[PDB]
Each structure stands twice: as C-alpha cells, then as structure tokens.
Ligand SMILES: [Ca+2]
Ligand SMILES: [Ca+2]
Ligand SMILES: [Ca+2]
Ligand SMILES: [Ca+2]
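Next comes the structure, spelled out in structure tokens:
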C-alpha cells in the first residue's frame with residue numbers, strides 16, 4: 015500500500031534482436047543516471063525489460079537543483095520574490111510539494127548536458143530502447159481520494175489543491191475547470207427545465223439565455239484561472255518556452271535574448287506541411303459529409319417506406335448506429351491528425367500542443383456537429399434536394415425485395439437520441455470497457480520474496496497508457512458546444528449534462544486512479560488553447576441557436601426574419617460580452633492585490649535599503679563668485698533678489714505700488 | 015530670443031478687494047516655495063498681479079529629486095533598471111531632458127508635504143489667488159521647429175523625438191498619431207480616387223476596402239504606440255495613479271497595497287451624479303435631433319418651393335448654416351459637459367480625463383454625425399414621414415408671402439458640402455480667428480530696462496490659454512469617423528482629409544507655438560481612451576458604409601438584401617480584425633526584444649552574482679548507519698545494489714537471465 019520511496023521508474027525494453035547494443039545503452043544509461051546524482055536500482059521487467067528505479071539519495075544536490083529551478087522561474091517573472099537563500103534555508107520558507115519534486119527529477123532525467131542533466135529522451139537520442147519514464151502511483155492517497163470524492167456532493171478548493179500537490183498543475187486545472195463548469199451548468203439546467211415545461215418547444219428566450227450564460231461562464235472562468243494561477247504560484251509559465259527534444263533543426267543561429275545560439279529550422283519547410291492540413295481537411299469534411307447525408311437519406315427512406323411498424327424509434331436507428339460508429343472513425347481520425355502534427359516539425363512543446371489541439375478540435379467538431387448541422391440548417395429549410403437519394407434508395411430496395427412531410431420538430435428527437443446514445447457510448451468507452459479489460463487481465467494473472484508485490488504493481492503499471500488530459504478537455508469542450516448551440520432543440524440537454532458532469536468529475540478521477548499511470552507533472556498557466564475553443568463555440572452558439580429557433584419555429597420561411605434574428609442575437613452576444621467584461625474588470629480579485637502588494641513590499645524594502667534658504671543663497675553666492683570670475690544679464694536678473702525675505706519685502710512694496718496704480 | 019533660465023512662472027493675481035489676505039497668501043506662497051529649494055524672483059504683472067519666477071538654484075537637491083522620482087518609477091515597473099546611483103552618477107548615464115526636468119519641478123510645486131513638495135494647487139488649498147502655474151516658451155527652438163516642419167514634406171522619427179524632449183510625452187503622442195494617421199490616409203485617398211473615377215457612385219468594394227483600412231490602421235497604431243512607449247521609457251505609466259488635488263473625500267480608509275491610508279469617497283454619491291448624464295444625454299439628443307430635422311425639412315421645403323432659381327447650391331444653405339452654427343452650440347455643449355464631469359467627483363486624473371473624453375466624444379458624435387444619419391438612414395429609406403413638416407412650412411409660408427422625388431444621391435452632395443464647409447469653418451476657427459485676434463491685440467499694444484522685453488513676453492504669455500491636447504485628438508477622431516462610416520457617399524473625402532492633415536500637422540504645431548502657452552509636460556503610455564473611440568468608429572463604419580451603399584444603390597428596397605449586406609460586411613470586419621491581429625502578433629517589434637533582453641541581462645548579472667558515485671554511496675552509507683542505529690524493507694531494497702558498477706554487473710547478469718528465459 016506504500017511505495018519504496020521510488021520517484022521514477024524507467025522501463026528500458028531489451029529485445030533479443032539487439033541485445034548487445036541495448037546492453038551498451040543500458041550501461042551508458044545507468045552511468046548517465048549516476049552522474050546527476052540519482053541512486054539507481056535494477057529489477058526485472060517482463061518480456062525482456064529492465065525496470066530501473068531512481069531516487070535522489072542526496073538531499074543537498076536535490077535542494078541545490080530546487081534552488082536552481084526556482085532561480086530559473088524567478089528570471090522569467092514567475093516567482094514573486096527570489097529564493098534569497100543559496101543555502102537550503104528557503105525550503106523551510108516554501109516547501110516542495112510532491113509534484114514539484116517529481117517535475118524536477120523528470121527535468122534532471124530529461125534535460126541535456128548543457129542544462130545540467132542527462133537527457134535520455136527515447137527517439138531523438140541513441141536511447142531507442144528506453145520505452146517509458148514514469149512516476150509511481152501512491153495507492154494510500156489514491157483510495158482515500160476516490161473515497162472522499164465519491165462521498166461528498168460538492169468539492170471545495172482544498173480538494174483541487176490536494177490534486178495540485180500530487181498531480182501537477184495541469185490535472186488540477188482540468189479538475190478545477192470541470193468543477194466550475196459543473197457548477198455553472200446548473201443555471202441552464204434549471205432554465206431549460208423551465209423552458210421545457212412552460213415556454214414550449216423552440217423558445218427564443220432560452221436561446222438568448224444560453225447565449226448570456228455562455229458569456230458569463232467563459233469570462234468568469236477566464237477570471238478564475240488567473241486567480242488560480244496566482245494562488246498556485248504558476249502565473250506566467252506560458253512565457254517560458256520548453257524546447258521540444260524531437261524538434262529537428264539545420265542551423266544554430268544568432269541569439270534572440272539570452273546570449274545563446276538557439277537552433278533554427280527553415281519555416282518554409284514547416285509551411286509546406288502546414289498546408290498539408292487543407293486537402294486533408296477538405297477530404298475529411300466531404301467524406302464525413304457524404305457519410306452523414308447517406309445516413310440521413312437512409313433513415314428518412316426507412317421511415318417513409320416502412321411507415322413505422324414497430325415504432326418511430328426504429329426510424330432513427332441509422333443515426334444511433336452512426337453515433338455508435340463515431341468513436342471508431344474518430345480513432346483513426348485522431349491518429350492521422352497526430353501523425354500529421356508530429357510530421358509538422360514544431361519548435362517548442364507549447365506550439366506543438368496548440369496545433370494538436372487545433373487539429374483535434376476541428377476533426378471532433380466535424381464528427382460531433384455535422385449531423386446536427388445537416389439536420390437543422392439543410393434538412394429543415396429545404397429538404398427537396400435530397401430527393402435523388404430517396405429515389406435511389408427506392409430503386410435499389412425495389413429490386414432488393416423482388425410526400426415527404428419534413429417535420430420541423432425532427433431536430434428535437436434527433437438531439438435527444440444524440441445526447442442519450444452519446445452519453446451511453448461515452449460512458450461505455452470511457453470506464454466500463456477498461457473496467458472489464460482490467461478485470462479480464464486480472465483473472466488471466477523469486478524476486479527477493481519481500482519486494483514481490485511492489486515489483487508486481489510496477490510491472491502491471493508499465494502496461495498502462497499515460498493519461499493525456501487533452502482528451503478529457505475535448506470531451507467537455509464538445510459538451511459545452513452542445514449546450515451553447517443546440518440546447519434550444521432540447522432544453523433538457525443541460526440537465527442531462529449536469530448529471531453527466533457530476534458523474535464525470537468522479538469518473539475521470541477514477542481513470543487517473545486505476546486505469547492509467549501517474550502523469551508526469553507539468554506546469555501550465557491555464558487550460559491554454561481551449562479558451563479559443565470555448566469562445567468560438569459560444570460565438571457560434573449565439574448565431575446557431577437563434578437561426579434554429581427561427582427555422583424550427585417557422595407560413596413560409598420569411599428570410600427577413602432569419603437574418604434579423606441572427607443579427608439581433610449575435611449583437612446581443614457582443615453587447616453582453618462587453619457588459620460582462622466591464623463588470624468582471626471591477627470585481628478586484630484578491631490574488632492580484634496579493635501579488636502586487638508583495639512585489640511592492642519587496643521593492644519597498646529595497647527602497648528603504650537605499665537650512666533651505668541657506669542652501670539657496672549659498673548656490674546663488676557660488677554663481678555670483680563665478681560671475682565675478684568672468688551669460689551676464691540673466692545672472693543679474695537672478696542676483697537682484699537673492700534672499701527670500703528680500704523677495705518678500707520687494708513683493709510687498711510692489712503690492713503697494715500696484716495699489717497706487 | 016532666450017529666456018533667463020526660468021523654469022516656471024506663477025501668476026498670483028492680487029485683487030484690490032482681498033489685498034491683505036492675498037499678501038498673506040503671497041508671503042506664505044514664497045515661503046513654501048523656498049522650503050523645497052526653489053530660488054524665487056518677483057516681478058510685476060499687469061492688472062495687479064505678481065509674476066513670481068522659480069528655478070532650482072541647487073543642482074544637488076534637483077538631482078536628488080530626479081533620483082527619487084526615478085526610484086518611484088522603478089517601483090511601479092516603469093523603468094527597466096534601477097538608477098543604481100544614490101549619488102548623481104546615473105544622470106551621466108541617462109540625462110534629463112527638458113520635459114522631465116520641467117515635470118519634476120511641477121511636481122515639486124504641486125505635490126503636498128507628505129510627498130515632499132509644497133502643494134499650491136489653486137482651488138483645493140487656501141491659494142485661491144494663484145491663477146496659473148506655467149512653464150515658459152523658448153522662441154529659438156520654436157521658430158526653428160516651425161521652419162523645419164514647414165520646409166519638409168514628411169517628418170522623421172527624430173522630429174517627434176524633438177517634440178518629446180521639449181513638450182512631454184502626450185504632445186509627442188499626438189504628433190506621432192497625426193503623422194501615422196496622415197501616412198495611413200494615403201491608402202483610402204488613392205482608392206477613393208480610383209472609386210470616384212472608375213467604379214461609379216456607391217461602390218460596395220470601396221466600403222469593404224475602407225473597413226479593411228480602418229482595421230489595419232487601428233491595429234498598426236496600437237502596435238506602434240507600445241513600440242514608442244518602450245522607446246521613450248514611458249511604458250506602463252497608466253498603472254500609476256496620480257491623485258487628483260480637487261478630489262473631495264470623507265474618510266481615510268484601510269491600505270490597499272502600499273501601507274498608506276488612502277482617502278475614500280462614497281461611490282453611491284458618485285453614481286447619483288453619474289446618472290445625471292442620462293437625462294442630459296436624452297435631452298441633448300432630442301434637442302439636436304429636432305434642430306436637425308427642422309433644418310432638413312426647411313431645406314427640402316425650400317428646394318421644392320423655389321425650384322432652384324439661382325442654383326441647386328442654394329438649396330443646402332440651411333445645411334451649410336447648420337454646420338457653421340455647430341461650433342457655437344458645441345461650445346456651450348462642451349461647457350455643460352465639463353461642468354457635469356467636474357461635478358462628478360473623480361478620484362484620479364486618469365479616470366477624470368477618461369470620463370471627460372467619453373462625454374465630449376458622445377456630444378461631438380451627435381453634433382457631427384446625426385445630420386448625416388438623418389440623411390442616410392431616415393430620409394432615403396422612408397421620407398414620407400416628414401410630410402407634416404412640409405405642409406407646416408407650406409401653410410406658414412403661404413400666409414407669410416400673402425411630388426417629393428427623394429434623390430438617393432442627395433447624400434453625396436450633402437457629404438461634399440459637409441466636408442468642405444466643415445474644413446473651412448474648422449480652419450477659420452482654429453488658426454485664422456486667433457491669428458487676427460493676436461494681431462488685433464498686437465496693434466492695441477521702468478522694470479530695470481534690461482529685462483523689459485522678457486517681462487513683456489511673460490506678461491503677454493500669461494493671457495494665453497493652456498493648450499489641451501484633447502481637442503486636437505477629438506478633431507482627428509471625428510475625421511477618422513467621417514472616413515470610416517461615410518466615405519462611400521463621397522470617395523474624395525479621404526483625399527480632402529489627406530490635404531487637411533498635411534496642413535494640420537503644421538497648423539496644430541503652430542497653435543502650440545504662438546497661440547498658447549507651453550503645456551505642463553505629462554507622461555502617458557498611450558493616447559488612452561481614444562483607442563476605444565477609434566475601435567467603435569471603425570466597427571460602426573463597417574455597418575454604416577454597407578447599409579449606405581445598399582440603401583443608396585437601391595426596385596423597391598429588398599430588406600433581404602440590407603440585412604445580408606450588414607451581416608456580411610460586419611463579419612468581414614470581424615474576420616479581418618482576427619487576421620490583422622494574428623499577423624501583427626508575428627511581426628516581432630524590436631522594442632519588446634530590447635526590453636526583455638535588458639531585463640534578462642540585468643537579472644542574469646544577478647544570477648552570476650549568486665565524485666558523483668562517491669557522494670551517492672556516501673549518502674547510502676549514511677542511511678545504512680541510520681538503519682543499523684535502529688522503515689526497514691525499502692531500506693534493504695535500496696541497500697541491495699549500492700555501488701553503480703554493482704548495478705551494472707547485476708543488470709548485465711539479469712540480461713543474461715532474461716536471455717536464458
Ligand atoms: Ca465520459
Ligand atoms: Ca473525460
Ligand atoms: Ca483644424
Ligand atoms: Ca486640431
């Protein structure tokens with residue numbers, strides 16, 4: 015139930031084909047680990063691998079490394095004050111959390127020799143046999159965390175702080191984002207319940223309301239994250255650029271700022287494959303669009319022809335099957351997105367991650383909303399254009415066996439089926455399928480007889496995949512997109528997503544608990560490029576919900601109404617965006633006062649670290679001595698009234714002279 | 015042609031009604047001036063006033079004050095580095111310009127005793143007889159500056175820097191803004207010339223073009239001003255809050271940041287008179303709107319009735335008279351705006367100035383564009399609603415003497439008459455009327480017989496009004512508004528404004544030269560609240576130019601077209617705003633590199649101001679001695698393979714064992 019003090023575990027798969035070269039890499043690896051002061055320990059890994067175990071046996075060099083990284087943060091404006099202790103007397107002032115300790119150990123194993131480390135990143139260096147470097151998982155904290163999160167109803171800030179001190183900043187930002195989003199989802203849940211009871215289907219007021227809610231939630235989260243970045247001492251980390259190890263280069267050019275020749279790569283070679291996104295984008299758009307329009311034509315052909323013998327529920331069976339098939343096509347889609355992004359040689363890890371978020375968000379946007387767009391914006395306004403598909407299905411099924427009435431409330435049933443089966447498929451794919459996978463490999467399953484269970488748990492933890500938080504961001508961003516631009520089709524969607532988010536805030540916590548190895552703790556200022564995604568989804572929601580409520584509320597479609605509704609709701613979005621930004625500028629979050637007060641008090645301590667007429671007539675006497683040494690008329694003008702009492706009495710007699718005249 | 019070294023002149027009007035009290039205030043004034051180390055000198059002022067003259071006779075206390083203000087800038091993040099010289103050996107490192115010197119002297123005469131100064135601001139303190147504190151005007155620089163600006167065609171950056179070193183930062187920001195705006199006006203001048211030749215009246219392409227030009231000009235100026243604020247060492251000054259002297263208060267509450275009890279004022283008392291703007295706003299809107307609709311009805315009645323005996327030029331004579339009357343009504347309008355803003359008790363000078371800019375911009379917006387709005391958006395789409403005014407004028411003029427055909431190209435003639443007579447009225451009111459005023463008071467017009484002409488020039492300089500740069504900002508912002516939202520009515524407006532701006536960049540320079548006393552040099556990071564005005568005017572231009580080109584291009597007015605054109609051009613504005621912001625993020629202005637490079641080099645100098667296996671087995675031996683003193690199984694696990702060569706050979710024999718199995 016407790017580790018052996020091990021901070022990191024390296025896998026180092028030794029295949030039989032390259033045994034001697036992998037042995038030379040092994041001895042070079044453990045040499046390089048011993049140079050940076052890591053006590054090593056070698057144990058057996060299954061299928062010919064060598065689990066080596068590292069730790070800092072030297073607390074003095076560890077505190078020296080901690081002080082060096084704190085100075086590196088202080089140079090880039092991260093820390094408020096310097097450590098001010100080259101000796102370890104600042105560690106008692108500010109302790110090291112487990113996340114900061116594991117991050118600095120990972121930097122000592124990851125950074126190159128110029129940075130003061132033994133860089134053993136797998137693909138770029140010679141270390142092609144280093145499979146995975148990963149920290150361990152403390153089960154005594156894990157079980158307590160899962161139990162205390164399942165027991166409570168709401169989560170305080172101390173729970174997110176306990177996530178911060180043991181899983182880095184990024185996982186804690188995800189849980190803080192999901193907690194704040196779950197708390198803000200109760201407003202359109204209640205208002206959608208009210209609109210589903212009272213206002214009838216497709217109410218305009220709920221469209222304006224969910225637009226306003228998306229604005230206030232996005233701006234409030236953008237305030238709350240800079241508050242959290244002040245509180246965790248991580249504000250401004252995105253200015254620091256981490257050099258990606260797999261970034262190839264050609265030259266080593268002039269110094270930008272520091273004095274160091276940084277390695278460069280010709281950007282036209284980058285744009286040559288940046289433009290590889292565009293034919294891939296158009297190809298994937300038309301492929302998924304042809305699949306979606308084929309599914310839509312098939313379901314309308316089926317519910318026209320069979321006339322619903324069993325149920326009308328059987329009519330949207332192709333839509334249900336398409337949503338079921340959507341995670342499988344999105345798997346190869348994200349694979350071909352990640353391969354394309356990795357081929358696009360990116361300099362720093364921030365830009366590489368941001369481009370991966372952009373490609374993954376575009377592909378998931380298409381495969382999550384193009385069915386509902388073809389339902390709302392194509393099928394409802396003019397649905398006669400898919401009649402060749404209908405007569406094609408008729409001419410095929412007539413040989414195979416040997425009046426359209428486009429319902430405007432088809433989108434409500436479609437959105438209900440979409441939300442429910444997407445909830446079921448997402449819940450099955452997220453936890454239940456890995457639950458039965460780990461229970462299946464549980465029933466399918477020397478070494479010093481005391482450390483046996485420890486090496487058992489490490490050998491089984493090597494097989495798990497590393498937890499990426501990008502996917503759990505993307506799921507919630509898409510759910511927010513459903514809320515922003517399709518809740519007017521089905522106003523109980525916010526209530527369903529509220530229940531899903533309360534289950535999800537424990538479910539994704541369970542995924543980090545037992546279905547994935549502990550992620551390498553990184554620091555981030557924010558959720559990063561997902562803020563652009565939330566902003567774009569809210570802006571598109573203000574257009575789309577209004578056009579949906581006009582086109583489904585529908595008389596012929598008077599296009600004088602549609603453009604006016606789109607214009608009014610989009611300008612209402614812009615006006616409420618200005619209003620909420622102006623209001624949230626005035627709230628005076630306490631972290632800003634704390635940061636600027638500490639900075640001013642430190643520089644005020646530096647400030648404190650750093665008769666009259668006598669002086670005036672003395673300098674006038676000095677200038678008179680310089681005049682008598684020798688330019689002259691201003692000298693006479695200043696030497697008229699030298700003493701101040703002379704000026705007083707001359708001014709008073711001049712008041713008397715001006716009183717005479 | 016040269017001063018007597020005088021830095022400041024104080025007027026101190028002594029009326030005969032309060033002669034003894036003003037004399038006591040005089041002796042207290044010159045006492046307080048002598049405490050802060052200012053050599054004083056009293057000369058006669060006309061109509062019973064006492065021009066006292068100050069200077070720093072003590073360069074040591076002046077350099078001490080300079081170092082104190084530089085530390086005050088360094089605490090608030092303005093300066094890159096500290097002065098690092100309590101002795102005056104930093105003044106040789108960075109010299110004092112005349113603007114910084116005069117600003118610090120004005121702070122020594124303006125700041126209270128707690129700040130280390132003798133605060134003699136007129137209305138708040140007892141000094142109700144101090145009329146005006148003002149610096150002098152160096153004519154040898156003035157004549158050279160006017161001559162070298164009239165000789166050149168274009169102005170280099172060195173001219174704006176010579177304005178910066180002698181008139182502060184704010185006047186130099188105005189001249190830099192007018193130079194950059196005059197340089198960017200040549201693009202819609204040439205394109206409007208092309209549209210006026212080729213494309214015919216009311217072209218949509220010119221509307222999209224001037225929208226794009228307004229975007230690129232506004233974003234390029236917003237980049238250029240942070241570049242200039244880096245270069246002049248003034249970046250970040252807007253974070254510093256200057257306490258307004260006339261700000262009344264009730265309490266002196268807790269300390270926000272510094273430690274000082276700041277004085278507070280109940281904000282509900284402020285909102286009580288903030289809401290006095292709204293009935294004043296609605297009253298002024300309906301008053302100017304009734305005047306404009308009366309003028310419009312009168313001119314259409316006149317050109318209907320008389321049928322143009324002389325000319326059609328005589329028909330818009332009421333519009334010409336209304337533009338002529340516009341500076342006179344705007345005078346009392348800005349008076350009642352400034353009185354309302356001064357009644358609204360504002361804490362700091364930044365918020366007070368920003369609210370004055372907001373009120374003045376709203377009133378000048380109405381009186382500059384509501385005539386053209388009632389022409390374009392009311393008279394052209396539906397003009398039958400003003401027929402009661404027409405029959406009213408008929409029923410009056412029928413007793414007084416004893425078919426409408428609304429032309430869509432009426433706005434072109436209106437905009438031409440508006441631009442031309444506004445140019446003529448603005449040029450007459452700006453320079454020519456003060457030119458004949460100063461030549462009229464020239465022909466209408477003891478004391479030691481050597482300083483006679485100096486006291487003559489100071490006595491005549493007291494009568495001039497202090498130059499406010501807000502008015503010369505507001506004129507150009509309104510001209511930019513004409514370009515942004517009405518150039519499609521008359522595409523030569525940009526060419527006319529280009530010629531006007533080339534004349535204006537010397538004319539407003541002449542106004543500071545001889546028609547106004549030298550302004551007290553202030554520091555500002557930017558043009559401030561006018562950036563919101565340019566952004567709002569460009570955004571409204573994207574709507575208004577498109578609606579104008581549809582409604583005047585006009595068939596009946598198909599309102600399916602109007603909303604689509606407004607929507608397309610506004611979203612084109614938003615898309616090109618994103619595009620230009622993304623492009624200008626990548627240009628890498630050199631001032632940012634210079635600032636962050638100097639900051640990193642200073643903190644890197646502070647950074648530089650601040665065997666392996668032996669240590670590893672030594673700490674392992676220490677922990678073994680602690681174990682033998684006595688928790689134990691991890692100790693045994695770490696003490697298995699102590700030395701690194703032991704780990705090497707144990708790992709190699711384990712490779713051999715995994716090779717056996
Ligand atoms: Ca899930
Ligand atoms: Ca998830
Ligand atoms: Ca002018
Ligand atoms: Ca002007």
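Chains as they are written, first to last, in PDB author numbering: chain A, 15 to 416, 425 to 467, 477 to 585, 595 to 650, 665 to 684, 688 to 718; chain B, 15 to 416, 425 to 467, 477 to 585, 595 to 650, 665 to 684, 688 to 718.
For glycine and all other residues, C-beta sits at the position ideal for the given N, C-alpha and C.
For residue 572(A) versus residue 224(A), is the C-beta distance shorter than 8 Å?
Taking 8 Å as the Cβ cut-off, residue 572(A) and residue 224(A) qualify as a contacting pair.
Chain-order list of residues whose beta-carbon lies under 8 Å from that of residue 555(B) (same chain, five-residue window excluded):
If we look at residue 555(B) and ignore the five residues flanking it on each side, its Cβ neighbours are 183, 184, 187, 248, 251, 252.
Quick one: is the Cβ of residue 452(B) within less than 7 Å of any heavy atom of ligand 6?
The model depicted lacks ligand 6 and carries ligand 1, ligand 2, ligand 3 and ligand 4 instead.
Same chain, Cβ closer than 7 Å to residue 64(B), five either side skipped, listed in chain order:
So the qualifying residues of the chain are 26, 28, 40, 56.
Residue burial classification, residue 120(B) (beta-carbon count within 10 angstroms, cutoff 16):
Classification of residue 120(B): buried, given that the 10 Å Cβ count is 16 or more.
Residues in its own chain within less than 6 Å of residue 71(B) by CB, not counting five upstream and five downstream?
53.
Between residue 642(A) and residue 95(A), how many whole angstroms is the CB-CB distance? I'm expecting something under 8 Å.
The pair is a contact, with the Cβ atoms about 5 Å apart (cut-off 8 Å).
Contact with chain A by residue 201(B), beta-carbon distance below 8 Å:
With 8 Å as the cut-off, residue 201(B) does not count as an interface residue toward chain A.
Tell me which residue opens and which closes the alpha helix (DSSP H) that residue 712(A) is part of.
Segment 701 to 717, the alpha helix (DSSP H) holding residue 712(A).
What's the call for residue 664(A), buried or exposed, on a 16-neighbour Cβ count within 10 Å?
Missing here is residue 664(A): after 650, the next number in chain A is 665.
Is it the case that the CB of residue 587(B) approaches a heavy atom of ligand 4 more closely than 7 Å?
Because residue 587(B) lies between 585 and 595, and chain B jumps straight from the first to the second, it has no atoms in this structure.
Just to check my reading of the structure: residue 381(A) and residue 302(A) have Cβ atoms closer than 8 Å, yes? What is that Cβ distance to the nearest angstrom?
Correct: roughly 6 Å between the Cβ atoms.
Whole runs of the beta strand (DSSP E) within the segment 323 to 399 of chain A, excluding any shorter than 3 residues
Fully enclosed beta strand (DSSP E) runs of 3 or longer: not present.
Pull up the distance between the alpha-carbon of residue 666(A) and that of residue 51(B), whole angstroms please.
For residue 666(A) and residue 51(B), the distance between alpha carbons rounds to 6 Å.
Using alpha carbons as the reference points, say which of 520(B), 505(B), 583(B), 498(B) lies closest to residue 544(B).
Nearest of 520(B), 505(B), 583(B), 498(B) to residue 544(B), Cα basis: 498(B).
Roughly how many whole angstroms lie between the Cα atoms of residue 718(B) and residue 143(A)?
Our two residues, residue 718(B) and residue 143(A), have alpha carbons roughly 19 Å apart in a direct line.
Using a C-beta to C-beta distance shorter than 8 Å, which residues of chain A count as neighbours of residue 19(B)?
Correct list: 691, 695.
Can you give the beta carbon distance from residue 577(A) to residue 209(A), rounded, assuming they're within the 8 Å contact cut?
Residue 209(A) and residue 577(A) do not touch by the CB rule: their CB atoms are close to 15 Å apart, not below 8 Å.
At 8 Å on the CB atoms, spell out the chain A contacts of residue 636(B), in chain order.
Those within 8 Å of residue 636(B) in chain A are 271.
Which bits of chain B does residue 670(A) rub up against, with CB to CB less than 7 Å?
By Cβ distance, chain B contributes 48, 51, 53, 71, 72.
Would you be able to state if there are at least three C-beta pairs under 8 Å between the segment 157 to 169 of chain B and the segment 528 to 544 of chain B?
As far as the Cβ criterion goes, the segment 528 to 544 of chain B touches the segment 157 to 169 of chain B, which means the pair count is three or higher.
List the DSSP bridge partners of residue 69(B).
Residue 69(B) has 53(B) as its beta-bridge partners, per DSSP.
So is residue 244(B) in contact with chain A if we call contact Cβ pairs under 8 Å?
No - not a single Cβ of chain A is within 8 Å of the one on residue 244(B).
By alpha-carbon positions, which one of 688(A), 375(A), 709(A) ends up nearest to residue 355(A)?
Nearest of 688(A), 375(A), 709(A) to residue 355(A), Cα basis: 375(A).
Among 232(A), 156(A), 114(A), 35(A), the one whose alpha carbon lies nearest that of residue 620(A):
The shortest C-alpha to C-alpha distance from residue 620(A) to any of 232(A), 156(A), 114(A), 35(A) is the one to 232(A).
At the 8 Å Cβ level, is residue 650(A) part of the contact set with chain B, yes or no?
So yes, residue 650(A) belongs to the interface.
Report yes or no: is there a C-beta of chain B within less than 8 Å of the C-beta of residue 464(A)?
Not an interface residue.
Quick one: does the C-beta of residue 378(B) sit closer than 7 Å to a heavy atom of ligand 3?
Ligand 3 has no heavy atom closer than 7 Å to the beta-carbon of residue 378(B).
Close-in-space but distant-in-sequence residues of the same chain around residue 373(A) (CB under 6 Å, 5 per side omitted)
In the same chain as residue 373(A), and ignoring 5 residues on each side of it, the C-beta atoms closer than 6 Å to its own belong to 351, 355, in chain order.
Output the distance between the C-alpha atoms of residue 702(B) and residue 446(A), rounded to the nearest integer angstrom.
When only Cα atoms are considered, residue 702(B) and residue 446(A) end up about 55 Å apart.
My parser needs the alpha helix (DSSP H) runs of 4 or more residues fully inside the segment 146 to 212 of chain B; what are they?
The qualifying runs are 153 to 165, 171 to 181, 184 to 198, 200 to 208.
How about residue 297(B) and residue 242(B): are their beta carbons less than 8 Å apart?
For residue 297(B) and residue 242(B), no; Cβs fall outside 8 Å.
Short Cβ contact (8 Å threshold) for residue 568(B) with residue 507(B):
No, Cβ-Cβ distance for residue 568(B) and residue 507(B) is not below 8 Å.
Check whether the Cβ atoms of residue 513(B) and residue 330(B) lie closer than 8 Å to each other.
Taking 8 Å as the Cβ cut-off, residue 513(B) and residue 330(B) do not qualify as a contacting pair.
If you measure from the beta carbon of residue 674(A) to each beta carbon in chain B, is any gap under 8 Å?
For residue 674(A), the answer is yes, since a Cβ of chain B falls inside 8 Å of its Cβ.
Beta-carbon proximity list for residue 30(B), same chain, < 8 Å, skipping 5 on both sides
Listed in chain order, the non-local C-beta contacts of residue 30(B) below 8 Å within the same chain comprise 62, local neighbours out to five positions each way being set aside.
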